[PDB]
Amino acid sequence: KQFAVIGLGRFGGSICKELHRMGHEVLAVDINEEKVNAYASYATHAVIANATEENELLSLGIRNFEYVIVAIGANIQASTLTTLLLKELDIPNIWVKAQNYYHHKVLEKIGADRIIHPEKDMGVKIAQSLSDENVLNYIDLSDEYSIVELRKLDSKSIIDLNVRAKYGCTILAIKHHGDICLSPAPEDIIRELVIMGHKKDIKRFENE
Amino acid sequence: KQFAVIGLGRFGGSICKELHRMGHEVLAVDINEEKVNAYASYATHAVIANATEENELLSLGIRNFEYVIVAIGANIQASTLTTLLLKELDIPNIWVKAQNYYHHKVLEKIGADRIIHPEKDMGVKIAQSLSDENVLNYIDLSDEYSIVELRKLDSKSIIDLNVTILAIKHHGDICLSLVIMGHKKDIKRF
Amino acid sequence: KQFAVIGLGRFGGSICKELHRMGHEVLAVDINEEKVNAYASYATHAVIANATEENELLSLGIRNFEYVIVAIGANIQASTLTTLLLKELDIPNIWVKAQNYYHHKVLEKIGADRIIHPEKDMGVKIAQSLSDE
Amino acid sequence: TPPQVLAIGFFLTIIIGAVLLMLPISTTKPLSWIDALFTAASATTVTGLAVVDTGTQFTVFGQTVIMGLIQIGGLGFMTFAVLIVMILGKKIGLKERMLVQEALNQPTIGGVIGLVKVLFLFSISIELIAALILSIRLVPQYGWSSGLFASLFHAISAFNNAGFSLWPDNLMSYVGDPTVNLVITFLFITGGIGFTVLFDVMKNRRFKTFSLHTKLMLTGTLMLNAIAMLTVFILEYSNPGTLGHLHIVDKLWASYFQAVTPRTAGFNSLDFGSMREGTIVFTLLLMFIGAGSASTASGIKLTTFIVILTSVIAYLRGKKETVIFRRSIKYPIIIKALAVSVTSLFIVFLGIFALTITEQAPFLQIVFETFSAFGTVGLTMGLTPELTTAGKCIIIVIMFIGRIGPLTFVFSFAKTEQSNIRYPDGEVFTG
Amino acid sequence: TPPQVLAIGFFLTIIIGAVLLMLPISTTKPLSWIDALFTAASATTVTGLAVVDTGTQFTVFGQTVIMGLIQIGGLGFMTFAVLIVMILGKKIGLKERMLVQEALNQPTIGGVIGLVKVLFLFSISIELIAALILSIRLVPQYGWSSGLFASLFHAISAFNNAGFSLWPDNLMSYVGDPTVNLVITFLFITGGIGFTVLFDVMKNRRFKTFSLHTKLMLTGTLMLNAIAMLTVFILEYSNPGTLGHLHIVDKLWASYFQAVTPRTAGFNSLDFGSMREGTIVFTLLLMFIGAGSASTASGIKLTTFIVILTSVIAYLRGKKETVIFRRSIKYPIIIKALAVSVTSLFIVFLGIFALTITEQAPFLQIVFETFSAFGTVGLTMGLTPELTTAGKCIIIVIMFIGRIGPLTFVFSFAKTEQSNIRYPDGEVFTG
Ligand SMILES: Nc1ncnc2c1ncn2[C@@H]1O[C@H](COP(=O)(O)OP(=O)(O)OP(=O)(O)O)[C@@H](O)[C@H]1O
Ligand SMILES: Nc1ncnc2c1ncn2[C@@H]1O[C@H](COP(=O)(O)OP(=O)(O)OP(=O)(O)O)[C@@H](O)[C@H]1O
Ligand SMILES: Nc1ncnc2c1ncn2[C@@H]1O[C@H](COP(=O)(O)OP(=O)(O)OP(=O)(O)O)[C@@H](O)[C@H]1O
Ligand SMILES: [K+]
Ligand SMILES: [K+]
Ligand code: NA
Ligand code: NA
């Protein structure tokens, strides 16, 4: 697996550092010299290049990468022309960071395999946490079912609450001072919690 | 025939590539390094120079070219001073890309052999196509006669209509003796 | 004698070319690289320097010149600090190009030996020609 | 002045060492003023050129003074000055820290005192271990008093890239011995690779984490030694004087030893006087190039040679930048490497020119001697014992400038004044 | 390809000249394939190294072929190609004009065809006048048929910096003659100063109006000749072999002649084989440096030597820019001069290395021969007649690369691809 990350910003630079940490060959490309110097130690290869130029793109041997990540999300012209070149160069997987809804529509027309909205996805997740302070983190399995990680419940056993059949949600795990429990069979003492269930049913539990 | 093209834009770069394709010696001059690098393969010689400087103009041997094309149409000062230098250097043919009407007037005073309005000429031709969707392309022979290339006419013989029809295109096949030549008013009647 | 012309503009460059044509040793100083290259052939010595810095002024041997002409006439700060340095360096003759009336007064205070108004003086001669044509 | 302190301090160590060697206690036979000055200079510059035999001319005390001069010269004058200051309780100031940066050729003063602590601790440790490894071999041959001192002397001599030997034949009796060949070669390869390189491979232990300088030295040394070993073996295979009447196993040892000793230790196992001129010509280039930049070796460093060579190759291929290991090399690095190379070549040319005037010797020996002295290598073709007093004085100057570095030597007597004025561009054809 | 046309065209002139010299008409004694190829290469590269005596081996027709090869090589292949094209009525195109710019090492194509017209007209004019001046002296000694041809041969040989001589002793019988000394020295000093320099002094006639390149060549040549003349006179004053048994008036002539002939004519009046090694060492540096950039002389040009030397001195004094004659010298000039100097030194090193392997000759003669061949000087210490066939082949390659220039030769077989990508800066210590 050889990965190319084009554009070293907050999003693109984070991908380079994480992939390099996992032990992958990463080519970091950016048009700004200061960015490339900073990430020269966090990538296998770091090049100062303009990704909108076909000659510079071919000078990098970009055809040797299965995955190319275009992490340019504030320059629509630079973002769309880069992915147009990569599609012309027959890159199998092209993942692009989109700016707005109109940028997303263009990238879908010119063939971006995956389109990413980092700030928009995080903003929705943060806004869910603001609305319900109990909700610490959640993953949306579907449009009606989700897994949500959450003093009345304190000193209460699992068998004490019968939300298993009434509310209809299964308690996946409970965190006890840095200790996790898998398949918690009642009764276990709850001390001042991961639950899977229907989205409406989960809200019922938070009420009581 | 040795041609010099000064200024490598959409218009100047198109002239360099077309002349080079036809097999001509083209000198491509531009003040921007990135432009010169791009067209270095589409010209016999490509130089990064300021055409408003006489010393740089003489360093190129510009006197050896019969035709010089000044394709700078957004910098009036750079365009007019370049052609003033070329006229002083006794270049036989100087063709200049003009920006507006006032730029055209200045270039006529300082002796430009031919003045070109690329966008203005195309805009008039496009606007003719917009007005009449039937009109695909046309050449104006005069101010009253022109050749215009164009379901009622379908399945109709030439002798069926008693309206000169220069040629008709049949699925990529052309016939000599829908292209029609006639008076401008008469063409609109058809 | 030796002349130093600081600031190669329309007025400063015209002094260098005329003095160099007459066969005089002229030092041309300008903070702009393009100006110095253009006047390299029209001066005995052409240097890219900032005249407001004393160290750069001493690097040129400015004390060797009897006449120094400050031909900066649009930058009052650069013009007045240059002639302040030259007055400190005990230059016998300092001729400065003034911008307006207030610039003229400042230069007269800080010891400019002669103050020149090229555009203002020509504008009066042209106006006289227009009135009586 | 930091360059001035380096020159003044290094020059004093030559005079102090010369006085000690000229004492009746440190010598067995009468010693001339020039020979004592030459031997001290050859030791503090860690060159190894020997007018008189070290084993016979000097006594045990004299050889101990030689070890002190070798150790002081190998690690540098400022390395010991900081340690003495540190032990006396005095803290290193900003002015003193700038001297250490200049002495170690460091671009920044960041952690330069910590580098001195590491390199000295590493130096004494590796020499002590190497002495023990040499002791087991050298004890049955010379007993205990002589055997232990011989191993200690050669371990210090090898690590510092000195080439001094107590035996009359410098290591020529250990051609086939793997222990002496492996230990001594390992000493001056690591001693000359560079202190910064060793420190980098100590903390970091994966190649991709090494700095650009460390990667250049490790790959450059391996490639340069491999090319040298092949050249010596092929050219000298059928030479009766050297490498001819030897077994294939001994041929590989001698070829390997004579490929790494020019940079810049100066030990030998074959007679360079009987080698073919083709091998000598390649050795001239070999010992003009040195080893790591901040180390016990001298000459133009291996990185200086690579930086210039890559810069030229980049120009010949139309490239606008010098790139090694996917890193661009800036103009200040290029100009410094060119200043080092041009000044070094000019000094060698003057030494060859001066020696031809002074002495009536074959030209090849004069050229070999000057390159050997300037690189502080110490290899000889037989000219050093035959040098006249004027010739010895020239070699002393060449050895001194070679060790201190031509740039630092010039910076000592050249004053730099900063001028902010520029000049219009001039055109000149340099074809 | 412009560099490729220069190499291909120059190589063909060697083969064509070799065939003509190997014909029975152009020779008196049987001539080997290698000697014919060597003589043709030595003439078209305008070097002057002579395996066989020109006066005896070749006939008048053969010597006429030598003059043609000397004239073609001295002015360059492209100089005559343009003239032939111009006479045939064909106009010079842009592609052809670019070849002339490459051949003349010109930065711009501005007025490069006019330069060719001037330099050829100047060349034939000055040689014809010089032949007439030499004719009055050389007619009473050799009659009319031989005397006129001898003067014409030497005038063409001198102006083109060839060093070919019809007499067995190359100009050794005219040591005290002022006419031969003045005319011949004036021919190769002006022939090698540079065509652009001569053109500049023709139109402009005041020193302050000269370009930077012209001022460097005029002042550099005067200073370099003055230093060389003093060195030869002082070192060779008491040498019995050369300059010893001569009058003071003849000593000054011979010292002056031997100071300017290494750059790069190759005539002699004294025997370089009997000179002291100190004078030979200085001559090595003298003929490694050449003369004007666009001229009939070779080697690294005098401006290349000055640009590098001034750039190093500027660095050693802390200055951030290289300034000569109140003009700053840009980085592209510095890097090109470095590429010229490094590639030239590497080629000379290979030639010395190759010659030592091939031939059993004293090292000084091998070094002198390689520097003489690469600079296309032609001075010998006695090695050229003793070269083996393999040794002659090496010299032919060295002479060919020296005349064409190491940069143009490398550009012939090196393809340049433009990449706009840059790399992060890397740090490396080049002390
Ligand atoms: N043509 C280009 N080729 C390569 N890199 C480019 C190009 N144009 C911009 N970049 C770089 O891509 C990076 C990301 O672009 P930019 O900062 O505009 O986006 P962003 O959406 O604000 O980024 P982020 O939110 O990840 O910080 C920047 O470091 C920028 O310099
Ligand atoms: N002084 C100059 N000398 C040479 N080239 C110049 C100069 N000034 C501008 N150019 C170049 O001329 C080209 C065309 O100029 P410009 O972009 O201003 O005109 P334009 O009318 O917008 O062009 P086009 O419509 O053909 O794209 C550009 O590539 C520009 O860099
Ligand atoms: N500090 C300085 N040192 C040297 N030269 C300077 C300095 N500041 C400005 N100059 C130069 O002085 C010249 C004249 O200055 P400027 O153009 O502001 O004046 P001006 O009144 O417009 O002149 P002019 O009418 O003569 O064209 C310019 O070439 C400018 O670059
Ligand atoms: K040594
Ligand atoms: K010659
Ligand atoms: Na963002
Ligand atoms: Na346009």
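Thresholds, definitions, all that
- Numbers attached to residues count from 1 within each chain as its sequence is written and can disagree with those in the entry; no residue without coordinates is shown.
- Chain letters start at A and ligand numbers start at 1, both assigned in the order the entries are written.
- These chains belong to a larger assembly; all numbers given describe just the chains displayed.
- Think of the side-chain values as coming from all heavy atoms in the structure, minus any hydrogens and water.
- The domain boundaries here were taken from an automatic or database domain assignment.
- Only N, O and S atoms count as donors, using a 2.8 Å cut-off from the metal and 3.2 Å for Na, K and Ca, and because water is excluded some sites may appear unfinished.
- Put simply, DSSP H or I for four residues or longer makes a helix, DSSP E for two residues or longer makes a strand, and each gets a number counted from the N terminus.
- The buried label applies to any residue whose accessible area, calculated with a 1.4 Å probe on protein chains only, is under 20% of its type's maximum; exposed applies above 50%, and partly exposed to all values in between.
- Note on definitions. A residue lies near a molecule or strand when any single heavy atom of the residue is within 4 Å of it.
- Counted as a polar contact is a pair of N or O atoms within 3.5 Å, where, for protein atoms, one must be capable of donating a hydrogen and the other of accepting one, and residues adjacent in sequence contribute only when both atoms are in side chains.
- Just so you know the grouping, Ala, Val, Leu, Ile, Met, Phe, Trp, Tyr, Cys and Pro go in nonpolar, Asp, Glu, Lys and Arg go in charged, and all remaining residues, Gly too, go in polar.
- Copies of the molecule are overlaid using a least-squares fit to their C-alpha atoms.
- Contacts: residue pairs with any heavy atoms within 4.5 Å of one another.
- By convention, the term buried area covers the 1.4 Å-probe accessible surface removed from two parts as they join, with the contributions of both added.
- For this document, the term salt bridge refers to a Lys or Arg side-chain nitrogen within 4 Å of an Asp or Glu carboxyl oxygen.
- Note on definitions: the grid is 1 Å and covers protein atoms alone; a cavity is a set of points where a 1.4 Å probe fits but cannot get out; a pocket is an open set with protein on both sides within 12 Å along at least five of seven lines; lining residues have an atom within 4 Å of a point.
- Grid points are joined across faces, edges and corners, and a volume is the space filled by probe spheres set on the points.
- Whether two strands pair depends on DSSP finding at least two bridges between them.
- Looking down the strands as they point away from the viewer, one classifies a crossover as right-handed if the path from the first strand across the helix to the second runs clockwise.

Regarding the domain arrangement of chain B
- Domains assigned within chain B are domain 1 (1-117) and domain 2 (132-190).
- Once you take the C-alpha centre of each, domain 1 of chain B and domain 2 of chain B turn out to be 39 Å apart.

What to know about the coordination of the sodium ion (ligand 7)
- Donor atoms from the polypeptide that bind the sodium ion (ligand 7) are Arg10 of chain B (NH2) and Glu119 of chain B (OE), placed at 2.5 to 2.7 Å. With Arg10 of chain B in helix α1 (residues 10-22) and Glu119 of chain B in helix α6 (residues 118-131), this residue pair connects regions lying 109 residues apart in the sequence.

Comments concerning the coordination of the sodium ion (ligand 6)
Residue and element names in this part refer to chain A.
- The coordination sphere of the sodium ion (ligand 6) contains the protein donors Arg10 (NH2) and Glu119 (OE), at a distance range of 2.5 to 2.6 Å. Of this pair, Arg10 sits in helix α1 (residues 10-22) while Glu119 is found in helix α6 (residues 118-131), placing the two residues 109 residues apart along the sequence.
- Its relative accessible area of 81% is what places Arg10 among the exposed residues.

Quick word on the site of ligand 2
All names here are of chain B.
- In the region of ligand 2, 19 residues are neighbours, and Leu8, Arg10, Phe11, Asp30 and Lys35 sit closest.
- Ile31 is positioned such that a nitrogen or oxygen atom in its backbone is 3.2 Å from a nitrogen atom of ligand 2.
- In this structure, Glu119 approaches ligand 2 through a side-chain N or O atom, which is 3.3 Å from an oxygen atom.
- For the shell around ligand 2, a count of residues per class yields nine nonpolar, five polar and five charged.

As for the relation of the copies chain E and chain D
- Each copy superposes on the other: chain E lies on chain D with an RMSD of 0.0 Å after a rotation of 180° and an axial shift of 0.0 Å. Interpreted geometrically, this transformation is the action of a two-fold axis.
- Of the interface residues in chain E, 100% have counterparts in chain D that sit at the interface too, so the contact is made through matching surfaces.

Brief notes about the interface of chain D and chain C
- Contact with chain D, which involves seven residues of that partner, is made by 13 residues of chain C.
- Around 740 Å² of area is buried between chain D and chain C when both sides are counted, 56% of it from carbon and sulfur atoms.
- When the area that chain D buries against chain C is broken down by residue, the three leading residues are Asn420, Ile421 and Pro424 of chain D, summing to 59%.
- Remark: the boundary between chain D and chain C carries zero salt bridges.
- Counting across the chain D and chain C interface gives two residue pairs in polar contact.
- Counted by class, the side of chain D that touches chain C contains three nonpolar, two polar and two charged residues.

Notes on the interface of chain E and chain D
- Between chain E and chain D, the residue contacts involve 70 residues of the former and 70 residues of the latter.
- Together chain E and chain D conceal approximately 6600 Å² of surface at their shared face, both sides included; 68% is due to carbon and sulfur atoms.
- Among the residues of chain E in contact with chain D, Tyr315, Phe429 and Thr430 of chain E are the three that bury the most area, contributing 12% of the side total.
- Counting every contact that joins chain E to chain D gives two salt bridges.
- Counting the contacts that link chain E with chain D gives 18 residue pairs in polar contact.

What to know about empty space enclosed by the protein
- The space that makes up the largest cavity amounts to roughly 100 Å³.
- Looking at the lining of the largest cavity, the elements that each hand over two or more residues are α15 (331-358) of chain D together with α15 (331-358) of chain E.
- When grouped by side-chain class, the residues that make up the lining of the largest cavity number eight nonpolar, two polar and no charged.

A closer look at the pairing of strand β5 (residues 93-97) of chain C
Residues and elements named next belong to chain C.
- Across four bridges, strand β4 (residues 67-70) lies against β5 in parallel orientation. Its bridge partner being in β5, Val68 is matched across the sheet by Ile94.
- For β5 and strand β6 (residues 114-116), the ladder comprises three bridges, and the chain directions are parallel. Within the sheet, the bridge partner assigned to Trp95 lies in β6 and is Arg114.
- You can see the chain leave β5, run along helix α5 (residues 101-109) and come back into β6, and the turn it takes is right-handed.

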